[PDB]
Amino acid sequence: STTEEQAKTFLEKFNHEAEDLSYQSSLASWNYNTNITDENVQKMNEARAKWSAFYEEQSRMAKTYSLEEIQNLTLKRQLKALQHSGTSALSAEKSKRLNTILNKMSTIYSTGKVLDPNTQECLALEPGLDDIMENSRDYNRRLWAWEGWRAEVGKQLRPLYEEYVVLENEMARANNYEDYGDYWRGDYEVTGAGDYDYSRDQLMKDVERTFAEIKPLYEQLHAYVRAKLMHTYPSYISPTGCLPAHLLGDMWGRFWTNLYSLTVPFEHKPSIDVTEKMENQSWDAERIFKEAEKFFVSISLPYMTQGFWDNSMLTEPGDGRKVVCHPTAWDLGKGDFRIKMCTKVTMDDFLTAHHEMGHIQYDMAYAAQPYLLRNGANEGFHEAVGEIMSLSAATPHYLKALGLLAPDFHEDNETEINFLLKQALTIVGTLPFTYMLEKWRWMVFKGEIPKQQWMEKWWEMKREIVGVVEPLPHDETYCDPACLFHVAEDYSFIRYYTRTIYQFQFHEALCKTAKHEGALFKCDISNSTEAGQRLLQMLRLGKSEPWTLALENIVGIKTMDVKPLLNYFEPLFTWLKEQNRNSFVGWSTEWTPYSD
Amino acid sequence: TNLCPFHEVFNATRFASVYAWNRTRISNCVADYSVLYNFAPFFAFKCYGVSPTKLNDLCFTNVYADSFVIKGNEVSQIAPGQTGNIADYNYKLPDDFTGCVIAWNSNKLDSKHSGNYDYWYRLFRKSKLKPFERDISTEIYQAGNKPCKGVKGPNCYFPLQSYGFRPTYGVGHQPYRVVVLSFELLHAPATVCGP
Ligand SMILES: *[C@@H]1O[C@H](CO)[C@@H](O)[C@H](O)[C@H]1NC(C)=O
Ligand SMILES: *[C@@H]1O[C@H](CO)[C@@H](O)[C@H](O)[C@H]1NC(C)=O
Ligand SMILES: *[C@@H]1O[C@H](CO)[C@@H](O)[C@H](O)[C@H]1NC(C)=O
Ligand SMILES: *[C@@H]1O[C@H](CO)[C@@H](O)[C@H](O)[C@H]1NC(C)=O
Ligand SMILES: *[C@@H]1O[C@H](CO)[C@@H](O)[C@H](O)[C@H]1NC(C)=O
Ligand SMILES: *[C@@H]1O[C@H](CO)[C@@H](O)[C@H](O)[C@H]1NC(C)=O
Ligand SMILES: [Cl-]
C-alpha cells in the first residue's frame, strides 16, 4: 500500500497516453492553417474536441492525489500544473455566461466601422484606417478620424467588461487566490526550494525598481521627440508639456517606430539596406534559411532533422490553396519540427527567419523532458531567446562576413548613430506603456479604485509616468483601455516587459564569454563554440528546474537588472545629452489641450 | 548451405510485439555471417562476446534467435547490463551473453498513414524480469489498496500500450526491426560451425 508509487504510476500512464491524443490534435490544426476550407475546420474542431474532454477528465483524477505527502520535487512540479483547474470551477451559470461574454467581446472587437467623411466612405478599422493613421501628417484629420474607436467601441464594451471584472474576481478566489492579480502573477512563483524563492509580492517590487533606472533615458528621448515634433507640426504641441494621445504613429502608443521618418538623427545619408545586394546577386528563398542553419551550426548547435525540409511550407502557396500566413514555428510533438512562413527577399524576412529558427531550436532542445515540462522556463523565455539571435545577426560584421556587404566599407559614426536610434525607437518605446497598462490592470483587479472613477484615474495617472495627454474629457462613458486587442481577449502583458530585460542580460552574458572587445551594439556571436555550449546548457534545462536556476546557470545573478540594458544604450545617452543643451527635459503635467 | 534461416528469418512480413518474440532454434547450418551484408544496409551491427574478426572461423552447438519491432531511442537499451523501461520489463539480456545484435530501420513498411496499431509494449509489472524470461498473459495491474476485482478504474490500469507509428515521426520514434542472435554451449557434438 505505497503512498507515492501510486502517484508515480499515475503520472507515467498520463505521460504515455496523452501523446497520441495531442500529436494528432496538433496535426489537425497544422492542416487547418495550410488550406482553409469547410473540411479542414471540421477536422480541426473534431480533433480538438477529443483532447479537451480528456484534459478536463484527467484533472479530476489528478486532484485526488495530495500535494503534501509527495516528496520528490520533480513529481510535485509536474503534479502542480495538472492539479490546477481552469474555468471548470465556477457553477453552470457563471461559466455558461462567462463563455458567452468572452465570445461577445471577441465579436464586438472584430466588428467595427466609422463614418467621418461622406457616407460612401465608411472605412473599417483595418487596413485603410490603420494605414491613414500610420501615414498621415495632420491634426484635425487624425483627431476627427480616430475619435471614433475610443467613443464607439468603448461605449459598446463598457458594460460587458464591467461585468467581466466582477465575474472573474470570483473565479481566482475559488483556486485559493486573493484576486485576479495573484492568478496572473502565479506564473512566476517558485516555492519549496531553499534560497530560490520568489513570491508574487516580490515581483511588484522588482518591477517598480527596474522601472526607476530607465527614467533618464526615456526622459531624454521624450525631450528629443518633443523638440522635433514642435518643428514638424506648428502652432500645436506646446514646447514644454506632454504629447497628445494621437499623433504618435500607432493608436494605442505601443510602438514608436512610425515616428522614425519624423525624427531622424542625420539626414542626407543612407542606412544599411541589404536588399539590392540580394537582388543583383541572385539569392532564392531556400538559401535564405539554409545560411541561417549554417550560422546555427557555426555557433556549435545541432543540425536540423530531415523531417523539416520535406513537408514544411516555406514559400508562397502557388497551388490554389487559400492560407493566411504569419511567421510561426510549430512543435507538433514526437520529433516533428515545422515552420510555416511566406518568404520574400528583404531584411525583414531574413531576420524573422532567424528568430523563428532560433526559437524552434529552443523548442527542440528540451525534447527529452516529459510532456508536462515541454516548455520554456517561464512565459517570456521563448520570445527573448528568439530575439537575441535576430539582434545578433543584424550586425555589419556578420553581414560583411556572409559576403552581403562591400569589402571596402567602413562603418561611419552617423550610420551607427542612426542604427542605435532606430533600435531605441522600437525597444524603449514600449516599456513605459507596457508597465503603465499592467499596473492599471493589477490596480483595478485588486479593487483599489471605485468603479465610479475608472477612466479619470486612468488618464490622470497615465499622464504622470507615460506623459501622454488626451484631447477632450471622458466622464465614465468611454471605456478607453478596451481598444487594445490584448485587453479585450484577456491576454497577459507582463511577458513583453520582462522579455526585453531578459534578452538584454542574455546578450551581454553570452558575448562576454565570446571574448569580444569593444562596443556592445556591434557585438556578434559567431564562431564561438564555447559560447554556444554555455547557451545550450541553459537551453536544454527545460522547465523541470525553477527558472531562476536557469538564470544563474546562464548568467550567475539571481535578480534581473537594467545595467546590461543601459550598457547597450550608453553611446545614445552620451550623444543625446550633448544634443539637448538648450531644451528643458521634463513633462510637467499642467497644460491641457482641450482648452476651448 | 540450403536455405538456412539466416535469411528467411529477416525477410518475414509480419513480426511480433516486443513481449511475444518468436524464438527460433537454428538447426544444423553453416555460419556464414558475411552473407548477411547482402541483406539491406544495416543500421546496427556492433556485437559483443567475440570480436567480429574471429567470427569467420568458429563453431557452436545451437544458436537461438528472437524478433521484435521497437522504437529508435530503445535500440541502445537492448545492450546487456542496462536499465530502463523496456530492457527490464519486456526483454532482459544476460550480462555475459556471447551473441550478436542486429537492428535495421523499417519505417516505409511498419508505419501506415493515420496510425498503425498492431504492436505493443508493456509498462506495468510488479517484479523484475530475470534474464531470458517471457510472459504474455496480462493481468489488471494492482496499484491500490482496493482490489482490482478484474476491472479497471482507480489504481487499476491495463499494461499493454499500442506503439504509435506515423510516417511523419522524427528519427527517434521510427520503428526499428530488431533481431537478437545468441550462441549456446553444451556437451554434445556441435551442429553449426562457420566455414
Ligand atoms: C487543400 O485542401 C485539400 C482538401 O482535399 C487538402 O488536400 C489540403 O488541405 C489542401 N491541399 C493542398 C495541395 O494544399
Ligand atoms: C525523482 O524521480 C526521478 C525519476 O522519475 C529521479 O530521476 C529523481 O532523481 C528523483 N528526485 C530526486 C531528488 O532524487
Ligand atoms: C567564421 O569563420 C569562418 C572561417 O572561414 C569565416 O569565413 C566566417 O566569416 C566566420 N564567421 C563570422 C566572422 O561571423
Ligand atoms: C563621430 O565620431 C567622429 C570621430 O572623430 C567625430 O568626428 C564625429 O563628429 C562623430 N559624429 C557624431 C558624434 O555624430
Ligand atoms: C512464429 O514462427 C513460425 C514458424 O516460422 C511462423 O510460422 C509464425 O508465423 C511465427 N509467428 C509470427 C508472429 O509470424
Ligand atoms: C526478400 O524477399 C524479396 C522477394 O523474394 C527479395 O526481392 C529480397 O531480395 C529479399 N530480401 C533480401 C534478402 O534482401
Ligand atoms: Cl493614449
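Quick notes on this structure:
- Residues of the stretch A:44-70 with amide N under 13 Å of the 7 Å Cα→Cβ point at A:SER1: none
- Surrounding net charge for A:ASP38, when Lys and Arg each add one and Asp and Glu each subtract one, Cβ distance under 15 Å: +1
- Net charge of Cβ neighbours under 13 Å - reference A:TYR362; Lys, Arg +1; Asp, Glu -1: -2
- The stretch A:314-367 and the stretch A:99-164: distance between their alpha carbon centers, rounded to Å: 32 Å
- Of A:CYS242, A:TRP283, A:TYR218, farthest towards positive along the dipole that unit charges on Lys, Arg, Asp, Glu beta carbons give the stretch A:182-296: A:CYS242
- Coupling constants for the stretch A:247-254 follow from the phi torsions by the Karplus curve (6.51 cos²θ - 1.76 cosθ + 1.60, θ = phi - 60°), and in residue order they are 6, 9, x, 5, 4, 6, x, 5 Hz; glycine and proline get x.
- Only beta bridges with both residues in the protein assembly as shown are counted; by DSSP, about 90 percent of them are antiparallel.
- Cross-link table A:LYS80/B:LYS71; A:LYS205/A:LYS577; A:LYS205/A:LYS563; A:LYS290/A:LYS400; B:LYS92/B:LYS112; A:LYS8/A:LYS543, entries beyond 22 Å C-alpha to C-alpha: A:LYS80/B:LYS71; A:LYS205/A:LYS577; B:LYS92/B:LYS112
- Stretchable slack from A:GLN423 to A:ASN140, in nm (0.36 nm times residue separation minus alpha-carbon distance): 98.8 nm
- Relative contact order of chain A, taken over Cα pairs closer than 8 Å and 6 or more residues apart, is 20 percent.
- Under 5 Å from the amide H of A:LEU243 lie the amide H atoms of A:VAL469, each residue being 5 or more positions distant or on a separate chain, with H modelled from the backbone and absent for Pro and chain starts.
- Each Cα pair under 8 Å and six or more residues apart adds its separation to the average, and for chain B the resulting relative contact order is 35 percent.
- Approximate spin-label separation B:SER76-A:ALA406, in nm, with each point projected 7 Å along Cα-to-Cβ: 5.2 nm
- Cα centroid separation, the stretch A:371-435 to the stretch A:526-560: 19 Å.
- For B:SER127 and B:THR24, a Förster radius of 25 Å and the Cβ-Cβ distance give a FRET efficiency of 0.35, rounded to the nearest 0.05.
- For A:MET443, neighbours were defined as the other residues whose beta-carbon sits under 11 Å from its Cβ, and their charges (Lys and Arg +1, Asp and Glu -1) total +1.
- Only Cα pairs under 8 Å and 6+ residues apart enter the sum, and on that basis the relative contact order of the stretch A:1-85 stands at 30 percent.
- Distance histogram in 20 Å bins (all Cα pairs of the protein assembly as shown, percent per bin): 12, 39, 33, 13, 3, 0
- Each part gets one Cα centre, and for the stretch B:1-52 versus the stretch A:441-517 those centres are 67 Å apart.
A short reminder: the numbers here are calculations on the coordinates, not readings from a lab. Note: ideal-geometry Cβ built from the backbone for every residue, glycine included; neighbour counts use all protein chains shown.
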